[PDB]
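Form solved without the named molecule, single chain, as structure tokens, below.
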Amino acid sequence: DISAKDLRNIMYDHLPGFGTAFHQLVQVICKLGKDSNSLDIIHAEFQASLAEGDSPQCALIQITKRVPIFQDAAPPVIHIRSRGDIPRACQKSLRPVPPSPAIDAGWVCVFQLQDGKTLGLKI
């Protein structure tokens, strides 16, 4: 059976750059997938999108829309010390956290800083 680590690495293989919002989304998708025993469908959806000619970025967003565990799912909250701990390639995708953020609306995660600040990661 495909593991969360296996799948993260497979997805990362197709992504350009390093520590982009799409890299964070891969983490988020694999963790929620793991916890709902859905890694298989997620992998199958990812592969199928690639096979139809979609970009890996599109394939990842399609997962959030087509795999039912992401339906109106709130972004996970990732605790960090400061804004500088968030990778460089994500910094410009950080926003004030909206009302009702959802992963299937492009809110990948919410970072919560030691000092209580919070930032949503938007695609």
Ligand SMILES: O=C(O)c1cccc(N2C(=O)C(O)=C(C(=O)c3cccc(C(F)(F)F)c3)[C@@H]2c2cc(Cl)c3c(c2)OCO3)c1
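The first residue of the sequence shown is number 1, and the count goes up from there.
Unshown form deposited with the named molecule bound; subsequent notes refer to it.
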Sole residue of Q62, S38, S55, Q27 within 4.5 Å of the named molecule in the deposited bound form, by heavy atom: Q27
Within 4.5 Å of the named molecule in the deposited bound form, all of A4, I80 and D85 (non-hydrogen atom): yes
Exercise: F111 in contact with the named molecule in the deposited bound form, heavy atom 4.5 Å: yes
4.5 Å heavy atom contact, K34 and the named molecule in the deposited bound form: yes
